[PDB]
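Pasted below: protein.txt, compact mmCIF, C-alpha atoms and all ligand atoms.
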# COMPACT_ATOMS: atom_id res chain seq x y z
CA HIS A 1 6.36 -0.03 -20.37
CA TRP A 2 4.14 -0.99 -17.46
CA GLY A 3 0.86 0.30 -16.06
CA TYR A 4 -2.72 -0.70 -15.60
CA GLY A 5 -4.04 -0.48 -19.17
CA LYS A 6 -5.07 -3.26 -21.53
CA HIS A 7 -1.84 -3.37 -23.15
CA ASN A 8 0.59 -2.90 -20.29
CA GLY A 9 -1.25 -4.19 -17.26
CA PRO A 10 -0.44 -6.81 -14.67
CA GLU A 11 -0.81 -9.70 -16.99
CA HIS A 12 2.17 -8.26 -19.10
CA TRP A 13 4.58 -7.37 -16.35
CA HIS A 14 6.37 -10.71 -16.36
CA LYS A 15 7.99 -9.95 -19.69
CA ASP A 16 10.17 -7.19 -18.27
CA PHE A 17 10.01 -8.42 -14.62
CA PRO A 18 10.13 -12.24 -14.60
CA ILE A 19 9.97 -12.16 -10.81
CA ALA A 20 6.22 -11.48 -11.41
CA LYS A 21 5.86 -15.30 -11.55
CA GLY A 22 7.98 -15.82 -8.41
CA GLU A 23 7.57 -17.71 -5.19
CA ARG A 24 6.46 -14.88 -2.93
CA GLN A 25 4.45 -12.40 -4.97
CA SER A 26 1.85 -9.97 -3.63
CA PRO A 27 -0.99 -9.29 -3.25
CA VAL A 28 -2.75 -12.53 -2.25
CA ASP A 29 -6.21 -13.60 -1.25
CA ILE A 30 -6.48 -13.90 2.52
CA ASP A 31 -8.47 -17.05 3.26
CA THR A 32 -9.67 -16.24 6.73
CA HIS A 33 -10.51 -19.75 7.65
CA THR A 34 -7.03 -21.06 6.64
CA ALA A 35 -4.96 -18.30 8.23
CA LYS A 36 -3.65 -19.46 11.52
CA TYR A 37 -3.52 -17.67 14.75
CA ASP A 38 0.10 -17.32 15.87
CA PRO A 39 0.09 -16.64 19.68
CA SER A 40 3.69 -15.71 19.61
CA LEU A 41 3.19 -12.71 17.24
CA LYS A 42 3.23 -9.35 18.92
CA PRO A 43 1.17 -6.44 18.99
CA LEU A 44 2.15 -4.11 16.39
CA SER A 45 3.81 -0.89 17.50
CA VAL A 46 2.88 2.02 15.24
CA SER A 47 4.91 5.05 16.43
CA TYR A 48 3.88 7.99 14.26
CA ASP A 49 3.90 10.85 16.82
CA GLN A 50 6.99 12.49 15.32
CA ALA A 51 6.13 11.95 11.67
CA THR A 52 7.30 14.57 9.24
CA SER A 53 5.36 14.55 5.99
CA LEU A 54 7.04 16.54 3.23
CA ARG A 55 5.36 16.30 -0.16
CA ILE A 56 2.69 14.60 -2.27
CA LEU A 57 3.60 13.38 -5.72
CA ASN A 58 1.58 12.01 -8.64
CA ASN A 59 4.06 9.46 -10.03
CA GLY A 60 1.85 8.29 -12.90
CA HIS A 61 0.56 5.23 -11.22
CA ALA A 62 -0.59 6.49 -7.76
CA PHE A 63 0.08 9.44 -5.52
CA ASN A 64 2.70 9.13 -2.77
CA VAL A 65 2.68 11.14 0.46
CA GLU A 66 6.36 11.25 1.31
CA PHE A 67 8.01 11.46 4.72
CA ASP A 68 11.36 12.44 6.14
CA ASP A 69 12.97 9.03 6.71
CA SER A 70 16.48 10.37 7.62
CA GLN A 71 15.73 9.72 11.41
CA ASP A 72 13.44 7.42 13.40
CA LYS A 73 10.45 9.68 13.37
CA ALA A 74 7.57 7.47 12.17
CA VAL A 75 8.35 3.86 12.72
CA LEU A 76 6.77 0.44 12.74
CA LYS A 77 8.02 -2.26 15.10
CA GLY A 78 6.73 -5.39 16.76
CA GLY A 79 4.31 -7.81 15.29
CA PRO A 80 6.23 -10.16 13.10
CA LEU A 81 9.07 -7.69 12.70
CA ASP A 82 12.59 -7.82 14.04
CA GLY A 83 14.05 -4.32 14.39
CA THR A 84 12.81 -0.88 13.31
CA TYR A 85 11.14 0.07 10.07
CA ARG A 86 10.86 3.70 8.98
CA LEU A 87 7.94 5.19 7.12
CA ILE A 88 9.02 6.48 3.73
CA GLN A 89 5.67 7.06 1.96
CA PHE A 90 2.09 5.98 1.77
CA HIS A 91 -0.15 5.58 -1.24
CA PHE A 92 -3.41 3.96 -2.29
CA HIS A 93 -4.75 1.56 -4.84
CA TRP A 94 -8.36 2.10 -5.90
CA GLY A 95 -11.02 1.16 -8.39
CA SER A 96 -13.23 2.71 -11.01
CA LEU A 97 -16.24 1.36 -9.01
CA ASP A 98 -16.78 0.78 -5.37
CA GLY A 99 -16.78 -3.03 -5.85
CA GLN A 100 -13.08 -3.26 -6.76
CA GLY A 101 -9.81 -1.45 -6.02
CA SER A 102 -8.04 -3.40 -3.31
CA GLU A 103 -5.01 -5.52 -4.01
CA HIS A 104 -5.38 -8.00 -1.15
CA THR A 105 -8.75 -9.69 -0.95
CA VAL A 106 -10.43 -11.31 2.06
CA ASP A 107 -12.23 -14.54 1.24
CA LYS A 108 -12.21 -13.23 -2.36
CA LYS A 109 -13.89 -9.93 -1.29
CA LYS A 110 -12.47 -6.82 -2.98
CA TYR A 111 -12.61 -3.54 -1.11
CA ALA A 112 -13.00 -0.12 -2.77
CA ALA A 113 -9.37 0.77 -2.11
CA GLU A 114 -6.28 -0.19 -0.11
CA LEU A 115 -3.82 2.04 1.69
CA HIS A 116 -0.16 1.01 1.77
CA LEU A 117 2.14 2.59 4.42
CA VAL A 118 5.61 1.65 3.23
CA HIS A 119 8.47 1.23 5.71
CA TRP A 120 12.09 0.10 5.36
CA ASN A 121 14.34 -1.75 7.75
CA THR A 122 16.88 0.60 9.29
CA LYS A 123 19.54 -2.11 9.39
CA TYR A 124 19.93 -1.58 5.66
CA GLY A 125 20.64 2.13 5.78
CA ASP A 126 18.41 3.34 2.91
CA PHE A 127 15.36 2.28 0.91
CA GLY A 128 17.28 1.29 -2.16
CA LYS A 129 19.43 -1.17 -0.21
CA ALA A 130 16.41 -2.44 1.72
CA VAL A 131 14.49 -3.51 -1.36
CA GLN A 132 17.32 -5.92 -2.16
CA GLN A 133 16.76 -7.86 1.06
CA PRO A 134 14.17 -10.47 1.95
CA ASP A 135 13.26 -8.56 5.14
CA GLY A 136 13.87 -5.11 3.76
CA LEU A 137 10.36 -3.63 3.86
CA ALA A 138 7.26 -3.76 6.01
CA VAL A 139 4.06 -2.58 4.37
CA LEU A 140 1.02 -1.89 6.51
CA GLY A 141 -2.05 -2.45 4.40
CA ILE A 142 -5.43 -1.01 5.32
CA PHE A 143 -8.69 -1.65 3.41
CA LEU A 144 -11.05 1.16 2.50
CA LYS A 145 -14.79 0.70 2.26
CA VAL A 146 -17.24 3.44 1.13
CA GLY A 147 -19.55 4.74 3.84
CA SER A 148 -18.90 7.54 6.25
CA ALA A 149 -16.13 10.07 5.54
CA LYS A 150 -12.66 9.55 7.05
CA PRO A 151 -11.84 12.94 8.54
CA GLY A 152 -8.13 12.33 8.57
CA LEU A 153 -8.17 11.66 4.83
CA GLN A 154 -9.67 15.00 3.87
CA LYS A 155 -6.44 16.98 3.78
CA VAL A 156 -5.11 14.43 1.25
CA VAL A 157 -8.25 14.65 -0.89
CA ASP A 158 -8.20 18.36 -0.97
CA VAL A 159 -4.69 18.69 -2.42
CA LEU A 160 -5.36 16.27 -5.25
CA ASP A 161 -6.46 19.05 -7.63
CA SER A 162 -2.92 20.43 -7.43
CA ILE A 163 -1.35 17.11 -8.51
CA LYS A 164 -3.72 16.04 -11.21
CA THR A 165 -1.18 14.78 -13.66
CA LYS A 166 1.97 12.66 -13.68
CA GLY A 167 5.01 14.40 -12.38
CA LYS A 168 3.22 17.09 -10.37
CA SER A 169 4.06 17.45 -6.69
CA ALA A 170 2.96 19.78 -3.92
CA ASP A 171 4.17 20.61 -0.44
CA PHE A 172 2.41 18.42 2.10
CA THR A 173 3.77 19.18 5.52
CA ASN A 174 2.32 18.50 8.90
CA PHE A 175 0.07 15.61 7.88
CA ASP A 176 -0.60 13.06 10.60
CA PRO A 177 -0.89 9.49 9.22
CA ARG A 178 -2.44 8.32 12.49
CA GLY A 179 -5.68 9.74 11.17
CA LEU A 180 -5.79 7.01 8.52
CA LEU A 181 -5.75 4.05 10.92
CA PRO A 182 -8.77 1.98 12.08
CA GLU A 183 -9.46 1.38 15.76
CA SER A 184 -8.03 -2.14 15.93
CA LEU A 185 -4.52 -3.21 14.98
CA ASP A 186 -5.49 -6.89 14.56
CA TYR A 187 -3.73 -8.14 11.45
CA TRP A 188 -2.71 -10.88 9.08
CA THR A 189 0.92 -11.25 7.99
CA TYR A 190 2.85 -13.08 5.32
CA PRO A 191 6.08 -12.73 3.27
CA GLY A 192 5.58 -11.11 -0.13
CA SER A 193 6.67 -8.55 -2.63
CA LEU A 194 6.25 -5.08 -3.99
CA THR A 195 2.98 -4.93 -5.92
CA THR A 196 4.39 -2.71 -8.69
CA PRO A 197 7.45 -3.32 -10.85
CA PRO A 198 10.15 -4.20 -9.98
CA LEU A 199 8.02 -6.64 -7.89
CA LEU A 200 10.94 -7.36 -5.54
CA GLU A 201 10.43 -10.05 -2.92
CA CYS A 202 11.42 -7.86 0.00
CA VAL A 203 8.16 -7.21 1.92
CA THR A 204 6.76 -8.41 5.22
CA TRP A 205 3.09 -7.65 4.67
CA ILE A 206 0.94 -6.65 7.65
CA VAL A 207 -2.70 -6.32 6.55
CA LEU A 208 -5.15 -4.95 9.07
CA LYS A 209 -8.39 -6.82 9.56
CA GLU A 210 -10.55 -3.74 10.23
CA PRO A 211 -11.17 -1.50 7.17
CA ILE A 212 -11.50 2.24 7.39
CA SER A 213 -14.54 3.99 5.99
CA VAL A 214 -14.25 6.79 3.44
CA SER A 215 -17.06 8.70 1.79
CA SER A 216 -18.26 8.47 -1.84
CA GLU A 217 -17.03 11.95 -2.35
CA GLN A 218 -13.57 11.16 -1.06
CA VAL A 219 -13.09 8.15 -3.39
CA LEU A 220 -14.59 10.11 -6.27
CA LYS A 221 -11.78 12.61 -5.88
CA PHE A 222 -9.19 9.86 -6.15
CA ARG A 223 -10.82 8.91 -9.47
CA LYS A 224 -10.31 12.43 -10.92
CA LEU A 225 -6.55 12.00 -10.93
CA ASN A 226 -4.76 11.28 -14.18
CA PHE A 227 -2.19 8.66 -15.16
CA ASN A 228 -0.97 10.95 -17.95
CA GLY A 229 1.19 14.00 -17.88
CA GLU A 230 -0.19 17.53 -18.48
CA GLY A 231 -0.79 18.09 -22.17
CA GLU A 232 -1.12 14.31 -22.88
CA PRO A 233 -4.42 12.53 -23.59
CA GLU A 234 -6.41 12.22 -20.33
CA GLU A 235 -6.61 8.85 -18.81
CA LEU A 236 -8.23 8.67 -15.41
CA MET A 237 -6.13 7.16 -12.66
CA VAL A 238 -8.46 4.28 -11.67
CA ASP A 239 -8.03 0.58 -11.26
CA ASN A 240 -4.38 0.92 -10.25
CA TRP A 241 -4.37 -2.45 -8.48
CA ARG A 242 -2.63 -5.74 -9.12
CA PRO A 243 -4.90 -8.76 -8.68
CA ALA A 244 -4.23 -11.60 -6.20
CA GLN A 245 -1.25 -13.82 -6.97
CA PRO A 246 -0.74 -17.50 -6.12
CA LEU A 247 0.02 -18.16 -2.50
CA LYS A 248 2.50 -20.95 -3.30
CA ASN A 249 4.47 -22.18 -0.34
CA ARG A 250 3.26 -19.59 2.21
CA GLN A 251 1.14 -19.57 5.27
CA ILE A 252 -0.76 -16.45 6.32
CA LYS A 253 -0.68 -15.89 10.09
CA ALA A 254 -3.22 -14.01 12.16
CA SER A 255 -2.51 -11.92 15.22
CA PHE A 256 -6.01 -12.60 16.57
CA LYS A 257 -8.40 -15.48 17.13
CU CU B 1 7.10 2.59 -19.22
CU CU B 2 0.93 -0.30 -2.88
So that I can check it, write out the structure of this file as structure tokens.
Amino acid sequence: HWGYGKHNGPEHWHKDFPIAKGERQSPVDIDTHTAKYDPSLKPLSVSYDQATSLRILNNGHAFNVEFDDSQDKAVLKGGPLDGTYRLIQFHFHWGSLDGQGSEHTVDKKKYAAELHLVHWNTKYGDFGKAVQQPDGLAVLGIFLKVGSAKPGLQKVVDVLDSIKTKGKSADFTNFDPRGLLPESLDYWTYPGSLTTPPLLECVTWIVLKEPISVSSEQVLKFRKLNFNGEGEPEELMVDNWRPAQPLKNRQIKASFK
């Protein structure tokens, strides 16, 4: 009823999810010149040392690498955040070509892909309760550009053959998400939403300024995935990104000058 095709893509989602035309939708274009430095922001605290990855799942729109979120094992704190946010899963959005794929844009520039590390606020007890709150989630977004390989991505790329089609999953233990981060934690932040239906306005977005580099071969493997289930007509899982939405009454803040 929703996807990324011609007939069910972003431009249609409002029919079933009227919040698509809401006041704090994501992604947005990040106008670097109009973002303002906020000296009172903190440094981000990314605490992933005890992360417990469990599984990787092709859900028909992306693949999610899922984590044990039943304890404070892999948490995000600081920055604009009040309290502790637990990592539940990460996934990517990517293009059919290297010139598109990201959801956020930077001065209208599209990156080849975007990584979303999804975290929920522990004050709300579980993910499903957190998405109903204005400060329920914190998503760390990281741009991908094509160049050198990202070594810490390779273990993800190499399991993708085992989850080609919608509904397939595979064990994915002992994966360290720290290997997906860039050097700098400088960031922009703003209040927004989930970027897939149900498009709930529950996200504090934290978008890193510094992209990571991945190789051609790595992104090419993303593009071999399928939106369809096994035994259905093959449709490559590409261009699974929502375009930039109106900023409306929001200001994007920068952690850096
Ligand atoms: Cu559907
Ligand atoms: Cu996402």
Problem - Within-12 Å residues of ligand CU 1 (chain B), basis all atoms listed in the file, as a list in words - result: residues 1, 2, 3, 4, 5, 7, 8, 9, 12, 13, 16, 59, 60, 61, 197, 198, 227 and 228 of chain A
Handout entry: Near-ligand residues for ligand CU 2 (chain B), threshold 12 Å, only C-alpha atoms and all ligand atoms, as a VMD selection string
Key = chain A and resid 26 to 27 61 to 64 89 to 94 101 to 104 113 to 119 138 to 143 193 to 197 199 203 205 207 240 to 243
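Considering only C-alpha atoms, the residue among A:66, A:158, A:183, A:107 positioned nearest to residue A:87 is A:66.
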Completion exercise
One decimal place gives the atom CA of residue A:44-atom CA of residue A:144 separation as 19.9 Å
Practice task
Within 12 Å of residue A:150, counting all atoms listed in the file, which residues show up once you throw out same-chain ones fewer than 4 positions away? Write them as a ChimeraX atom specification, please.
Solution key: /A:144-146,154-157,177-182,211-219
Handout entry: Nearest candidate to residue A:54 (options A:88, A:225, A:75, A:28; using all atoms listed in the file)
Key = A:88
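The shortest atom-to-atom distance to residue A:255, with all atoms listed in the file taken into account, belongs to A:186 out of A:186, A:49, A:98, A:239.
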Handout entry: Between atom CA of residue A:83 and atom CA of residue A:187, distance in Å (one decimal)
Key =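 These two atoms are separated by 18.4 Å.
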Handout entry: atom CA of residue A:36 to atom CA of residue A:24, straight-line distance in Å
Key =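 Atom-to-atom, atom CA of residue A:24 and atom CA of residue A:36 are spaced 18.2 Å apart.
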Exercise for the section: Compare A:56, A:81, A:19, A:206 by their minimum atom-to-atom distance to residue A:169, counting all atoms listed in the file, and give me the closest one. Expected result: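 Nearest candidate to residue A:169 out of A:56, A:81, A:19, A:206: A:56.
Considering the residues A:246, A:190, A:204, A:108 and counting only C-alpha atoms, residue A:35 has its shortest atom-to-atom contact with A:190.
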Practice task
Go through A:55, A:209, A:109, A:248 one by one, measure the shortest atom-to-atom distance of each to residue A:173 using all atoms listed in the file, and give the residue with the smallest value.
Solution key: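 Selected residue with least distance to residue A:173: A:55.
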Handout entry: All residues 8 Å or closer to residue A:202, all atoms listed in the file, same chain fewer than 3 positions away omitted, as number ranges by chain
Key = A: 130-137, 191-194
Since fewer atoms than expected are present, regenerate N, CA and C atoms for stretch 84-103 of chain A and write them as an mmCIF file, in the frame of the given file.
data_model
loop_
_atom_site.group_PDB
_atom_site.id
_atom_site.type_symbol
_atom_site.label_atom_id
_atom_site.label_comp_id
_atom_site.auth_asym_id
_atom_site.auth_seq_id
_atom_site.Cartn_x
_atom_site.Cartn_y
_atom_site.Cartn_z
ATOM 1 N N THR A 84 13.528 -2.119 13.444
ATOM 2 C CA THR A 84 12.810 -0.880 13.310
ATOM 3 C C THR A 84 12.666 -0.572 11.828
ATOM 4 N N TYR A 85 11.442 -0.232 11.439
ATOM 5 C CA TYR A 85 11.140 0.070 10.070
ATOM 6 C C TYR A 85 10.603 1.472 9.972
ATOM 7 N N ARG A 86 11.239 2.307 9.144
ATOM 8 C CA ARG A 86 10.860 3.700 8.980
ATOM 9 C C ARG A 86 9.923 3.958 7.856
ATOM 10 N N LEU A 87 8.903 4.772 8.148
ATOM 11 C CA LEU A 87 7.940 5.190 7.120
ATOM 12 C C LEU A 87 8.590 6.076 6.097
ATOM 13 N N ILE A 88 8.482 5.705 4.844
ATOM 14 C CA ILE A 88 9.020 6.480 3.730
ATOM 15 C C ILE A 88 7.919 7.164 2.945
ATOM 16 N N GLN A 89 6.777 6.449 2.682
ATOM 17 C CA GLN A 89 5.670 7.060 1.960
ATOM 18 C C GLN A 89 4.449 6.164 2.210
ATOM 19 N N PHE A 90 3.287 6.788 1.956
ATOM 20 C CA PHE A 90 2.090 5.980 1.770
ATOM 21 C C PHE A 90 1.431 6.364 0.459
ATOM 22 N N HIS A 91 0.641 5.424 -0.050
ATOM 23 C CA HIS A 91 -0.150 5.580 -1.240
ATOM 24 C C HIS A 91 -1.348 4.671 -1.186
ATOM 25 N N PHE A 92 -2.237 4.799 -2.173
ATOM 26 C CA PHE A 92 -3.410 3.960 -2.290
ATOM 27 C C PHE A 92 -3.481 3.287 -3.624
ATOM 28 N N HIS A 93 -4.294 2.225 -3.656
ATOM 29 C CA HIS A 93 -4.750 1.560 -4.840
ATOM 30 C C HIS A 93 -6.255 1.616 -4.812
ATOM 31 N N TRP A 94 -6.918 1.940 -5.897
ATOM 32 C CA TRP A 94 -8.360 2.100 -5.900
ATOM 33 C C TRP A 94 -8.977 1.745 -7.233
ATOM 34 N N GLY A 95 -10.309 1.622 -7.215
ATOM 35 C CA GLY A 95 -11.020 1.160 -8.390
ATOM 36 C C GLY A 95 -11.733 2.263 -9.133
ATOM 37 N N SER A 96 -12.309 1.863 -10.280
ATOM 38 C CA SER A 96 -13.230 2.710 -11.010
ATOM 39 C C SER A 96 -14.649 2.661 -10.457
ATOM 40 N N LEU A 97 -14.962 1.662 -9.618
ATOM 41 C CA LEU A 97 -16.240 1.360 -9.010
ATOM 42 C C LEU A 97 -16.014 0.964 -7.606
ATOM 43 N N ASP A 98 -17.025 1.072 -6.748
ATOM 44 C CA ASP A 98 -16.780 0.780 -5.370
ATOM 45 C C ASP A 98 -16.540 -0.703 -5.092
ATOM 46 N N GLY A 99 -16.957 -1.569 -6.013
ATOM 47 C CA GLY A 99 -16.780 -3.030 -5.850
ATOM 48 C C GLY A 99 -15.420 -3.577 -6.233
ATOM 49 N N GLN A 100 -14.442 -2.756 -6.582
ATOM 50 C CA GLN A 100 -13.080 -3.260 -6.760
ATOM 51 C C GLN A 100 -12.141 -2.106 -6.421
ATOM 52 N N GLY A 101 -10.842 -2.460 -6.287
ATOM 53 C CA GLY A 101 -9.810 -1.450 -6.020
ATOM 54 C C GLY A 101 -8.738 -1.981 -5.109
ATOM 55 N N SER A 102 -9.095 -2.868 -4.161
ATOM 56 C CA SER A 102 -8.040 -3.400 -3.310
ATOM 57 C C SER A 102 -7.174 -4.380 -4.041
ATOM 58 N N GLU A 103 -5.985 -4.571 -3.485
ATOM 59 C CA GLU A 103 -5.010 -5.520 -4.010
ATOM 60 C C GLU A 103 -5.170 -6.854 -3.246
#
